[PDB]
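Structure data (mmCIF, C-alpha atoms and all ligand atoms) from final37.cif:
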data_data
loop_
_atom_site.label_atom_id
_atom_site.label_comp_id
_atom_site.auth_asym_id
_atom_site.auth_seq_id
_atom_site.Cartn_x
_atom_site.Cartn_y
_atom_site.Cartn_z
CA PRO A 1 0.54 -27.19 -98.77
CA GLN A 2 4.25 -28.02 -98.35
CA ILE A 3 6.21 -24.76 -98.61
CA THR A 4 9.90 -24.87 -99.40
CA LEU A 5 12.17 -22.02 -98.31
CA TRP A 6 14.17 -21.15 -101.43
CA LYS A 7 12.10 -17.96 -101.61
CA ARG A 8 10.36 -16.03 -98.86
CA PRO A 9 7.20 -17.88 -97.67
CA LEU A 10 4.83 -15.10 -98.67
CA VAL A 11 1.07 -15.67 -98.64
CA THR A 12 -2.02 -13.59 -99.12
CA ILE A 13 -4.01 -12.79 -95.97
CA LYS A 14 -7.41 -11.16 -95.62
CA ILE A 15 -8.07 -8.84 -92.70
CA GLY A 16 -10.84 -6.20 -92.55
CA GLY A 17 -12.04 -7.33 -96.03
CA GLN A 18 -8.70 -6.38 -97.57
CA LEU A 19 -6.00 -8.56 -99.08
CA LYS A 20 -2.42 -8.09 -97.95
CA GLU A 21 0.84 -9.96 -98.45
CA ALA A 22 2.47 -11.49 -95.32
CA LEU A 23 5.42 -13.66 -94.43
CA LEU A 24 4.94 -17.01 -92.63
CA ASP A 25 7.40 -16.53 -89.77
CA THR A 26 8.28 -19.34 -87.37
CA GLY A 27 10.72 -17.00 -85.63
CA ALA A 28 7.92 -14.64 -84.60
CA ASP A 29 5.94 -15.43 -81.47
CA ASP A 30 3.24 -12.96 -82.56
CA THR A 31 1.63 -11.62 -85.72
CA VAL A 32 2.62 -8.03 -86.65
CA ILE A 33 0.95 -6.05 -89.43
CA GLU A 34 1.61 -2.58 -90.84
CA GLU A 35 -0.61 0.37 -89.87
CA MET A 36 -4.28 -0.30 -90.61
CA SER A 37 -7.72 0.22 -89.06
CA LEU A 38 -9.05 -2.59 -86.81
CA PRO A 39 -12.21 -2.58 -84.71
CA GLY A 40 -12.44 -2.49 -80.95
CA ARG A 41 -10.10 -1.59 -78.14
CA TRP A 42 -6.37 -2.07 -78.15
CA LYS A 43 -3.78 -2.70 -75.44
CA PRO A 44 -0.14 -1.64 -75.43
CA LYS A 45 2.73 -4.04 -76.23
CA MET A 46 6.50 -3.69 -76.53
CA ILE A 47 8.14 -6.17 -78.92
CA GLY A 48 11.85 -6.79 -79.42
CA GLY A 49 13.18 -7.48 -82.85
CA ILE A 50 16.53 -7.72 -84.34
CA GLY A 51 17.12 -3.92 -84.21
CA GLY A 52 15.56 -3.29 -80.75
CA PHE A 53 12.13 -2.63 -79.09
CA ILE A 54 9.13 -0.90 -80.90
CA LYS A 55 5.63 -0.09 -79.51
CA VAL A 56 2.63 -1.74 -81.20
CA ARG A 57 -1.10 -1.80 -80.71
CA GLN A 58 -2.51 -5.18 -79.62
CA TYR A 59 -5.95 -6.10 -80.93
CA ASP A 60 -7.45 -9.39 -79.71
CA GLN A 61 -9.94 -11.79 -81.31
CA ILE A 62 -9.50 -10.41 -84.89
CA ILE A 63 -10.85 -12.44 -87.84
CA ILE A 64 -8.03 -13.11 -90.30
CA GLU A 65 -7.68 -15.55 -93.24
CA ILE A 66 -4.17 -16.83 -93.95
CA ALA A 67 -3.61 -18.57 -97.31
CA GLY A 68 -7.33 -19.43 -97.29
CA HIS A 69 -7.32 -20.78 -93.70
CA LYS A 70 -9.58 -19.03 -91.15
CA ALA A 71 -8.08 -17.84 -87.88
CA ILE A 72 -9.36 -15.61 -85.05
CA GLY A 73 -6.70 -14.17 -82.74
CA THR A 74 -4.33 -11.47 -81.72
CA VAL A 75 -2.88 -8.99 -84.26
CA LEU A 76 -0.22 -6.43 -83.37
CA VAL A 77 -0.25 -3.24 -85.48
CA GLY A 78 2.76 -1.04 -85.85
CA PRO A 79 5.87 -0.02 -87.80
CA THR A 80 7.02 -3.46 -88.91
CA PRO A 81 9.04 -3.62 -92.18
CA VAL A 82 6.95 -6.58 -93.45
CA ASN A 83 3.66 -8.15 -92.40
CA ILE A 84 4.52 -11.23 -90.38
CA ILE A 85 2.34 -14.17 -89.45
CA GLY A 86 3.73 -15.53 -86.17
CA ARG A 87 3.24 -18.65 -84.16
CA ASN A 88 0.03 -17.49 -82.48
CA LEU A 89 -1.71 -17.83 -85.88
CA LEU A 90 0.50 -20.47 -87.50
CA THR A 91 -0.74 -22.85 -84.77
CA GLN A 92 -4.35 -21.99 -85.65
CA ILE A 93 -3.81 -23.01 -89.31
CA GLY A 94 -2.07 -26.27 -88.23
CA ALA A 95 1.42 -25.33 -89.48
CA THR A 96 4.47 -27.42 -88.63
CA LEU A 97 8.14 -27.39 -89.60
CA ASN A 98 9.36 -30.62 -91.15
CA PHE A 99 12.78 -32.03 -92.17
CA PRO B 1 11.19 -34.64 -87.47
CA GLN B 2 7.91 -32.75 -87.28
CA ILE B 3 8.19 -29.61 -85.09
CA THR B 4 4.96 -28.05 -83.85
CA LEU B 5 4.86 -24.31 -83.20
CA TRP B 6 3.22 -24.13 -79.77
CA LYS B 7 6.63 -23.01 -78.49
CA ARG B 8 9.67 -21.44 -80.19
CA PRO B 9 11.32 -23.95 -82.55
CA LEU B 10 14.73 -24.03 -80.90
CA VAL B 11 17.40 -26.52 -81.86
CA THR B 12 21.02 -27.17 -80.95
CA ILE B 13 23.60 -26.17 -83.54
CA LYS B 14 27.31 -26.74 -83.82
CA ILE B 15 29.21 -23.78 -85.30
CA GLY B 16 32.89 -22.86 -85.02
CA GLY B 17 33.41 -25.80 -82.58
CA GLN B 18 30.74 -24.39 -80.24
CA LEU B 19 27.25 -25.59 -79.31
CA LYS B 20 24.52 -22.95 -79.39
CA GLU B 21 20.74 -22.86 -79.24
CA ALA B 22 19.09 -21.26 -82.30
CA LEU B 23 15.64 -20.58 -83.65
CA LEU B 24 14.48 -22.22 -86.87
CA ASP B 25 13.21 -19.03 -88.54
CA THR B 26 11.34 -19.05 -91.84
CA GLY B 27 11.00 -15.24 -91.67
CA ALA B 28 14.82 -14.73 -91.78
CA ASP B 29 16.49 -14.70 -95.16
CA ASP B 30 19.90 -15.11 -93.52
CA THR B 31 21.40 -16.91 -90.51
CA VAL B 32 22.44 -14.53 -87.70
CA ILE B 33 24.49 -15.64 -84.70
CA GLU B 34 25.53 -13.74 -81.55
CA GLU B 35 29.13 -12.53 -81.26
CA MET B 36 31.67 -15.28 -81.76
CA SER B 37 34.90 -15.83 -83.69
CA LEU B 38 34.82 -17.64 -87.06
CA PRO B 39 37.78 -18.37 -89.32
CA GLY B 40 38.47 -16.80 -92.74
CA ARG B 41 37.58 -13.54 -94.46
CA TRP B 42 34.52 -11.42 -93.62
CA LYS B 43 32.92 -8.21 -94.75
CA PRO B 44 30.58 -5.81 -93.04
CA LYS B 45 26.82 -5.79 -93.68
CA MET B 46 23.75 -3.99 -92.33
CA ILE B 47 20.58 -6.09 -91.74
CA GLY B 48 17.15 -4.75 -90.81
CA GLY B 49 14.06 -5.97 -89.06
CA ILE B 50 11.71 -4.88 -86.29
CA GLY B 51 13.42 -2.01 -84.41
CA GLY B 52 15.80 -1.16 -87.29
CA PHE B 53 19.25 -2.20 -88.43
CA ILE B 54 22.31 -3.84 -86.88
CA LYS B 55 25.83 -4.12 -88.26
CA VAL B 56 27.12 -7.68 -88.65
CA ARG B 57 30.17 -9.50 -90.05
CA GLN B 58 29.42 -11.72 -93.06
CA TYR B 59 31.37 -14.97 -93.19
CA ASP B 60 30.94 -17.16 -96.27
CA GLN B 61 31.32 -20.94 -96.64
CA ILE B 62 30.81 -21.79 -92.93
CA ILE B 63 29.87 -25.37 -91.99
CA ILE B 64 27.01 -25.59 -89.39
CA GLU B 65 25.39 -28.76 -87.94
CA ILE B 66 21.69 -28.01 -87.30
CA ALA B 67 19.85 -30.58 -85.15
CA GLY B 68 22.29 -33.23 -86.47
CA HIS B 69 22.13 -32.12 -90.20
CA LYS B 70 25.29 -30.64 -91.83
CA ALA B 71 24.96 -27.60 -94.09
CA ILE B 72 27.31 -24.96 -95.48
CA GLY B 73 26.57 -21.30 -96.16
CA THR B 74 26.90 -17.70 -95.13
CA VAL B 75 26.68 -16.83 -91.44
CA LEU B 76 26.20 -13.25 -90.16
CA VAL B 77 27.69 -12.51 -86.72
CA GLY B 78 26.66 -9.57 -84.57
CA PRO B 79 24.45 -8.21 -81.79
CA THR B 80 21.31 -10.28 -82.47
CA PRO B 81 19.11 -10.87 -79.43
CA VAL B 82 18.57 -14.50 -80.51
CA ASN B 83 20.52 -16.92 -82.68
CA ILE B 84 18.55 -17.39 -85.92
CA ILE B 85 18.81 -20.14 -88.55
CA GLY B 86 17.48 -18.50 -91.68
CA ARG B 87 16.29 -19.76 -95.02
CA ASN B 88 19.80 -19.91 -96.50
CA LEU B 89 20.53 -22.89 -94.24
CA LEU B 90 16.95 -24.21 -93.67
CA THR B 91 16.80 -25.11 -97.38
CA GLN B 92 19.96 -27.18 -97.09
CA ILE B 93 18.51 -29.41 -94.35
CA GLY B 94 15.30 -29.87 -96.37
CA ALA B 95 13.03 -27.91 -94.02
CA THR B 96 9.51 -27.18 -95.14
CA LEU B 97 6.46 -25.51 -93.59
CA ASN B 98 3.38 -27.76 -93.85
CA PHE B 99 -0.33 -27.08 -93.28
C1 LIG C 1 18.73 -10.79 -93.86
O1 LIG C 1 18.62 -11.74 -92.81
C2 LIG C 1 17.81 -11.38 -91.78
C3 LIG C 1 17.61 -12.28 -90.76
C4 LIG C 1 16.73 -12.04 -89.74
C5 LIG C 1 16.04 -10.87 -89.63
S1 LIG C 1 14.87 -10.53 -88.39
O2 LIG C 1 15.32 -11.24 -87.24
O3 LIG C 1 14.62 -9.10 -88.30
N1 LIG C 1 13.42 -11.19 -88.83
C6 LIG C 1 12.89 -10.76 -90.16
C7 LIG C 1 11.41 -10.46 -90.08
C8 LIG C 1 11.06 -10.11 -91.52
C9 LIG C 1 10.99 -9.40 -89.10
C10 LIG C 1 13.22 -12.66 -88.54
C11 LIG C 1 12.07 -12.78 -87.51
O4 LIG C 1 11.69 -14.14 -87.52
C12 LIG C 1 12.43 -12.27 -86.13
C13 LIG C 1 13.42 -13.14 -85.31
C14 LIG C 1 13.72 -12.53 -83.97
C15 LIG C 1 13.17 -13.05 -82.78
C16 LIG C 1 13.35 -12.46 -81.57
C17 LIG C 1 14.17 -11.33 -81.51
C18 LIG C 1 14.79 -10.80 -82.62
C19 LIG C 1 14.55 -11.43 -83.86
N2 LIG C 1 11.20 -12.24 -85.33
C20 LIG C 1 10.60 -11.16 -84.98
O5 LIG C 1 10.86 -10.08 -85.35
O6 LIG C 1 9.43 -11.41 -84.23
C21 LIG C 1 8.80 -10.21 -83.75
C22 LIG C 1 9.59 -9.64 -82.61
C23 LIG C 1 9.16 -10.13 -81.19
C24 LIG C 1 9.54 -11.60 -80.92
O7 LIG C 1 8.42 -12.44 -80.76
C25 LIG C 1 7.31 -11.67 -81.19
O8 LIG C 1 7.26 -11.83 -82.63
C26 LIG C 1 7.36 -10.58 -83.33
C27 LIG C 1 6.93 -9.61 -82.20
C28 LIG C 1 7.66 -10.22 -81.01
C29 LIG C 1 16.29 -9.89 -90.58
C30 LIG C 1 17.22 -10.12 -91.63
CL CL C 2 24.33 -19.01 -98.07
CL CL C 3 13.77 -28.87 -101.93
NA NA C 4 34.82 -17.90 -95.54
#
Final structure tokens representation of the file:
Amino acid sequence: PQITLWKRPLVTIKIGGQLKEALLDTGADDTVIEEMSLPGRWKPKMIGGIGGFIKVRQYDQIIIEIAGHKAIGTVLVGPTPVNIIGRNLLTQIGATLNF
Amino acid sequence: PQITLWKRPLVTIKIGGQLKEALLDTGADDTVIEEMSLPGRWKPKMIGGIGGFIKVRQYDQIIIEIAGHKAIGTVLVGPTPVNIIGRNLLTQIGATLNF
């Protein structure tokens, strides 16, 4: 699709068999999701947002569908105000910015 | 142009007679610039994201040139760690996300 930006670019994602809403976020290097259960081991990560640095849990090689497109990659879990799909997964679905 | 997302989508902007580097950010409703002077009236605002809230000054009807494309709108000024071009101005330059 071609997504205009008059409204937030919200999509449905599927992760762990569950549907969630998330924002397509070119300003995010990484994908950050609200608290949820994921399989496997996690690693620590500090990320810096507009209001400072939070701790998240980094899970690698997670199956995730984004607007019907299949991806497999890193998901950060923690106290984000919105689920954000960052560049690590936007690249996997072939997303570009155009003007 | 077509901008891939392997790296941060940074562009040069012209704002208030100054050149800055800013991120084309589909996850930002609003445009947020590091401390600078702008002309005209402003009012305070609180904006939130990862890490919490920051206080900014809201300037309306500010002309910005974004990668060569002129656009007018509201600009928030304050202690952002990165200059962000949000949806309020991305729409005006005709930016879309495509996959
Ligand atoms: C009302 O207007 C606005 C304008 C902007 C913002 S916001 O900046 O909070 N934000 C909103 C998102 C909903 C979180 C845009 C986002 O695209 C930031 C932009 C941004 C980049 C870098 C520093 C501060 C802000 N990205 C970022 O949080 O990415 C993570 C934070 C860091 C950065 O790269 C990774 O991506 C994830 C996890 C890591 C809030 C209100
Ligand atoms: Cl505006
Ligand atoms: Cl349009
Ligand atoms: Na003004």
Superposed chain B (ref. Chain A, all C-alpha pairs in order) as a PDB file with C-alpha atoms, keeping the file's coordinate frame:
ATOM      1  CA  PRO B   1       0.409 -27.328 -99.160  1.00  0.00           C
ATOM      2  CA  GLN B   2       4.140 -27.905 -98.828  1.00  0.00           C
ATOM      3  CA  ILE B   3       6.116 -24.617 -98.952  1.00  0.00           C
ATOM      4  CA  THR B   4       9.838 -24.840 -99.663  1.00  0.00           C
ATOM      5  CA  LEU B   5      12.139 -22.174 -98.244  1.00  0.00           C
ATOM      6  CA  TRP B   6      14.260 -21.245-101.266  1.00  0.00           C
ATOM      7  CA  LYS B   7      12.405 -17.917-101.213  1.00  0.00           C
ATOM      8  CA  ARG B   8      10.490 -16.037 -98.494  1.00  0.00           C
ATOM      9  CA  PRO B   9       7.280 -17.902 -97.595  1.00  0.00           C
ATOM     10  CA  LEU B  10       4.831 -15.151 -98.486  1.00  0.00           C
ATOM     11  CA  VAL B  11       1.097 -15.702 -98.587  1.00  0.00           C
ATOM     12  CA  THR B  12      -1.990 -13.573 -99.129  1.00  0.00           C
ATOM     13  CA  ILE B  13      -4.035 -12.778 -96.039  1.00  0.00           C
ATOM     14  CA  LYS B  14      -7.393 -11.155 -95.532  1.00  0.00           C
ATOM     15  CA  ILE B  15      -7.571  -8.929 -92.437  1.00  0.00           C
ATOM     16  CA  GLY B  16      -9.958  -6.085 -91.614  1.00  0.00           C
ATOM     17  CA  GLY B  17     -11.519  -6.418 -95.124  1.00  0.00           C
ATOM     18  CA  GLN B  18      -8.107  -5.852 -96.746  1.00  0.00           C
ATOM     19  CA  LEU B  19      -5.781  -8.147 -98.697  1.00  0.00           C
ATOM     20  CA  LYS B  20      -2.128  -8.068 -97.658  1.00  0.00           C
ATOM     21  CA  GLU B  21       0.992 -10.104 -98.321  1.00  0.00           C
ATOM     22  CA  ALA B  22       2.586 -11.594 -95.177  1.00  0.00           C
ATOM     23  CA  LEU B  23       5.464 -13.830 -94.226  1.00  0.00           C
ATOM     24  CA  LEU B  24       4.822 -17.192 -92.585  1.00  0.00           C
ATOM     25  CA  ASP B  25       7.283 -16.736 -89.702  1.00  0.00           C
ATOM     26  CA  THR B  26       8.101 -19.510 -87.248  1.00  0.00           C
ATOM     27  CA  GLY B  27      10.537 -17.183 -85.429  1.00  0.00           C
ATOM     28  CA  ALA B  28       7.728 -14.720 -84.475  1.00  0.00           C
ATOM     29  CA  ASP B  29       5.711 -15.471 -81.380  1.00  0.00           C
ATOM     30  CA  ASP B  30       3.076 -12.936 -82.437  1.00  0.00           C
ATOM     31  CA  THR B  31       1.480 -11.686 -85.668  1.00  0.00           C
ATOM     32  CA  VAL B  32       2.547  -8.130 -86.594  1.00  0.00           C
ATOM     33  CA  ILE B  33       0.892  -6.128 -89.367  1.00  0.00           C
ATOM     34  CA  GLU B  34       1.761  -2.705 -90.830  1.00  0.00           C
ATOM     35  CA  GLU B  35      -0.398   0.284 -89.875  1.00  0.00           C
ATOM     36  CA  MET B  36      -4.078  -0.272 -90.517  1.00  0.00           C
ATOM     37  CA  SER B  37      -7.377   0.244 -88.697  1.00  0.00           C
ATOM     38  CA  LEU B  38      -9.012  -2.683 -86.853  1.00  0.00           C
ATOM     39  CA  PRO B  39     -12.261  -2.607 -84.894  1.00  0.00           C
ATOM     40  CA  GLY B  40     -12.638  -2.956 -81.103  1.00  0.00           C
ATOM     41  CA  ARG B  41     -10.454  -2.263 -78.082  1.00  0.00           C
ATOM     42  CA  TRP B  42      -6.638  -2.235 -78.137  1.00  0.00           C
ATOM     43  CA  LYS B  43      -3.790  -1.679 -75.745  1.00  0.00           C
ATOM     44  CA  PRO B  44      -0.219  -0.614 -76.266  1.00  0.00           C
ATOM     45  CA  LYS B  45       2.684  -3.087 -76.304  1.00  0.00           C
ATOM     46  CA  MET B  46       6.433  -3.008 -76.955  1.00  0.00           C
ATOM     47  CA  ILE B  47       7.930  -5.869 -79.049  1.00  0.00           C
ATOM     48  CA  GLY B  48      11.626  -6.506 -79.648  1.00  0.00           C
ATOM     49  CA  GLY B  49      13.787  -8.164 -82.233  1.00  0.00           C
ATOM     50  CA  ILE B  50      16.851  -7.400 -84.332  1.00  0.00           C
ATOM     51  CA  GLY B  51      17.463  -3.621 -84.119  1.00  0.00           C
ATOM     52  CA  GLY B  52      15.436  -3.185 -80.897  1.00  0.00           C
ATOM     53  CA  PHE B  53      11.848  -2.452 -79.961  1.00  0.00           C
ATOM     54  CA  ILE B  54       8.789  -0.951 -81.647  1.00  0.00           C
ATOM     55  CA  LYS B  55       5.520   0.185 -80.098  1.00  0.00           C
ATOM     56  CA  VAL B  56       2.416  -1.550 -81.455  1.00  0.00           C
ATOM     57  CA  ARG B  57      -1.339  -1.679 -80.776  1.00  0.00           C
ATOM     58  CA  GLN B  58      -2.591  -5.068 -79.553  1.00  0.00           C
ATOM     59  CA  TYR B  59      -6.000  -6.093 -80.861  1.00  0.00           C
ATOM     60  CA  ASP B  60      -7.507  -9.315 -79.514  1.00  0.00           C
ATOM     61  CA  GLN B  61      -9.999 -11.703 -81.145  1.00  0.00           C
ATOM     62  CA  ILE B  62      -9.305 -10.642 -84.770  1.00  0.00           C
ATOM     63  CA  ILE B  63     -10.357 -12.989 -87.592  1.00  0.00           C
ATOM     64  CA  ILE B  64      -7.649 -13.442 -90.322  1.00  0.00           C
ATOM     65  CA  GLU B  65      -7.820 -15.657 -93.459  1.00  0.00           C
ATOM     66  CA  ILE B  66      -4.296 -16.974 -94.170  1.00  0.00           C
ATOM     67  CA  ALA B  67      -3.812 -18.574 -97.608  1.00  0.00           C
ATOM     68  CA  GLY B  68      -7.523 -19.542 -97.529  1.00  0.00           C
ATOM     69  CA  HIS B  69      -7.537 -20.832 -93.854  1.00  0.00           C
ATOM     70  CA  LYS B  70      -9.585 -18.906 -91.221  1.00  0.00           C
ATOM     71  CA  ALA B  71      -8.084 -18.308 -87.779  1.00  0.00           C
ATOM     72  CA  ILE B  72      -8.783 -15.982 -84.860  1.00  0.00           C
ATOM     73  CA  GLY B  73      -6.283 -14.415 -82.472  1.00  0.00           C
ATOM     74  CA  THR B  74      -4.328 -11.397 -81.377  1.00  0.00           C
ATOM     75  CA  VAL B  75      -2.911  -9.079 -84.031  1.00  0.00           C
ATOM     76  CA  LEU B  76      -0.264  -6.412 -83.281  1.00  0.00           C
ATOM     77  CA  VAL B  77      -0.345  -3.323 -85.530  1.00  0.00           C
ATOM     78  CA  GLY B  78       2.564  -0.935 -85.930  1.00  0.00           C
ATOM     79  CA  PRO B  79       5.669   0.088 -87.874  1.00  0.00           C
ATOM     80  CA  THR B  80       6.898  -3.386 -88.887  1.00  0.00           C
ATOM     81  CA  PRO B  81       8.959  -3.472 -92.077  1.00  0.00           C
ATOM     82  CA  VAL B  82       7.145  -6.655 -93.178  1.00  0.00           C
ATOM     83  CA  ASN B  83       3.782  -8.192 -92.344  1.00  0.00           C
ATOM     84  CA  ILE B  84       4.441 -11.281 -90.194  1.00  0.00           C
ATOM     85  CA  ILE B  85       2.159 -14.235 -89.413  1.00  0.00           C
ATOM     86  CA  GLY B  86       3.504 -15.552 -86.140  1.00  0.00           C
ATOM     87  CA  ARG B  87       3.075 -18.749 -84.203  1.00  0.00           C
ATOM     88  CA  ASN B  88      -0.133 -17.587 -82.503  1.00  0.00           C
ATOM     89  CA  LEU B  89      -1.923 -17.917 -85.851  1.00  0.00           C
ATOM     90  CA  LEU B  90       0.335 -20.524 -87.579  1.00  0.00           C
ATOM     91  CA  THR B  91      -0.805 -23.084 -84.982  1.00  0.00           C
ATOM     92  CA  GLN B  92      -4.443 -22.445 -85.829  1.00  0.00           C
ATOM     93  CA  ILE B  93      -3.962 -23.301 -89.519  1.00  0.00           C
ATOM     94  CA  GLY B  94      -2.051 -26.471 -88.574  1.00  0.00           C
ATOM     95  CA  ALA B  95       1.349 -25.319 -89.851  1.00  0.00           C
ATOM     96  CA  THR B  96       4.358 -27.447 -89.076  1.00  0.00           C
ATOM     97  CA  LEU B  97       8.059 -27.337 -89.959  1.00  0.00           C
ATOM     98  CA  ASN B  98       9.226 -30.677 -91.409  1.00  0.00           C
ATOM     99  CA  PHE B  99      12.705 -32.080 -92.100  1.00  0.00           C
TER     100      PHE B  99
END
Within 9 Å of ligand LIG 1 (chain C), counting all atoms listed in the file, residues as a compact mmCIF listing (two decimals) with C-alpha atoms, keeping the file's coordinate frame:
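The result, stored in pocket.txt:
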# COMPACT_ATOMS: atom_id res chain seq x y z
CA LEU A 23 5.42 -13.66 -94.43
CA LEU A 24 4.94 -17.01 -92.63
CA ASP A 25 7.40 -16.53 -89.77
CA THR A 26 8.28 -19.34 -87.37
CA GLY A 27 10.72 -17.00 -85.63
CA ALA A 28 7.92 -14.64 -84.60
CA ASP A 29 5.94 -15.43 -81.47
CA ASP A 30 3.24 -12.96 -82.56
CA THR A 31 1.63 -11.62 -85.72
CA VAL A 32 2.62 -8.03 -86.65
CA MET A 46 6.50 -3.69 -76.53
CA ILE A 47 8.14 -6.17 -78.92
CA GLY A 48 11.85 -6.79 -79.42
CA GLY A 49 13.18 -7.48 -82.85
CA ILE A 50 16.53 -7.72 -84.34
CA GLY A 51 17.12 -3.92 -84.21
CA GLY A 52 15.56 -3.29 -80.75
CA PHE A 53 12.13 -2.63 -79.09
CA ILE A 54 9.13 -0.90 -80.90
CA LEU A 76 -0.22 -6.43 -83.37
CA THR A 80 7.02 -3.46 -88.91
CA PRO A 81 9.04 -3.62 -92.18
CA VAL A 82 6.95 -6.58 -93.45
CA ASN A 83 3.66 -8.15 -92.40
CA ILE A 84 4.52 -11.23 -90.38
CA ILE A 85 2.34 -14.17 -89.45
CA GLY A 86 3.73 -15.53 -86.17
CA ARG A 87 3.24 -18.65 -84.16
CA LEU B 23 15.64 -20.58 -83.65
CA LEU B 24 14.48 -22.22 -86.87
CA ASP B 25 13.21 -19.03 -88.54
CA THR B 26 11.34 -19.05 -91.84
CA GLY B 27 11.00 -15.24 -91.67
CA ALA B 28 14.82 -14.73 -91.78
CA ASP B 29 16.49 -14.70 -95.16
CA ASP B 30 19.90 -15.11 -93.52
CA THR B 31 21.40 -16.91 -90.51
CA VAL B 32 22.44 -14.53 -87.70
CA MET B 46 23.75 -3.99 -92.33
CA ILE B 47 20.58 -6.09 -91.74
CA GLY B 48 17.15 -4.75 -90.81
CA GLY B 49 14.06 -5.97 -89.06
CA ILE B 50 11.71 -4.88 -86.29
CA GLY B 51 13.42 -2.01 -84.41
CA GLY B 52 15.80 -1.16 -87.29
CA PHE B 53 19.25 -2.20 -88.43
CA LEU B 76 26.20 -13.25 -90.16
CA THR B 80 21.31 -10.28 -82.47
CA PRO B 81 19.11 -10.87 -79.43
CA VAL B 82 18.57 -14.50 -80.51
CA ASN B 83 20.52 -16.92 -82.68
CA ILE B 84 18.55 -17.39 -85.92
CA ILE B 85 18.81 -20.14 -88.55
CA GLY B 86 17.48 -18.50 -91.68
CA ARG B 87 16.29 -19.76 -95.02
Please, which residues have at least one atom within 12 Å of an atom of ligand NA 4 (chain C), using all atoms listed in the file, listed as a ChimeraX atom specification?
/B:16,38-43,57-63,72-76
Which chains and residue numbers are within 12 Å of ligand CL 3 (chain C), counting all atoms listed in the file, if I want them as a PyMOL selection string?
(chain A and resi 2-7+98-99) or (chain B and resi 87+89-97)
Convert the current residue selection to file output with C-alpha atoms, as a compact mmCIF listing (two decimals), in the coordinates of the input.
# COMPACT_ATOMS: atom_id res chain seq x y z
CA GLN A 2 4.25 -28.02 -98.35
CA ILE A 3 6.21 -24.76 -98.61
CA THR A 4 9.90 -24.87 -99.40
CA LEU A 5 12.17 -22.02 -98.31
CA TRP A 6 14.17 -21.15 -101.43
CA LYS A 7 12.10 -17.96 -101.61
CA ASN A 98 9.36 -30.62 -91.15
CA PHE A 99 12.78 -32.03 -92.17
CA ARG B 87 16.29 -19.76 -95.02
CA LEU B 89 20.53 -22.89 -94.24
CA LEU B 90 16.95 -24.21 -93.67
CA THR B 91 16.80 -25.11 -97.38
CA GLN B 92 19.96 -27.18 -97.09
CA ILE B 93 18.51 -29.41 -94.35
CA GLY B 94 15.30 -29.87 -96.37
CA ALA B 95 13.03 -27.91 -94.02
CA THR B 96 9.51 -27.18 -95.14
CA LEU B 97 6.46 -25.51 -93.59
Between atom CA of residue 11 of chain B and atom CA of residue 66 of chain B, distance in Å (one decimal):
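Separation of atom CA of residue 11 of chain B and atom CA of residue 66 of chain B: 7.1 Å.
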Would you compute the distance between atom CA of residue 9 of chain B and atom CA of residue 33 of chain A? Give it in Å to one decimal.
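Those two atoms sit 21.8 Å apart.
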Have a look at A:36, A:13, A:56, A:64 and name the one nearest to chain B; count all atoms listed in the file.
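Answer, going by the shortest atom-to-atom distance: A:56.
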Could you tell me how far atom CA of residue 8 of chain A sits from atom CA of residue 67 of chain B, in Å to one decimal place?
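Those two atoms sit 22.1 Å apart.
Using all atoms listed in the file, the nearest neighbour of chain A within the list B:55, B:71, B:21, B:12 is B:55.
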From the list B:18, B:70, B:34, B:88, which residue is nearest chain A when using only C-alpha atoms?
B:88
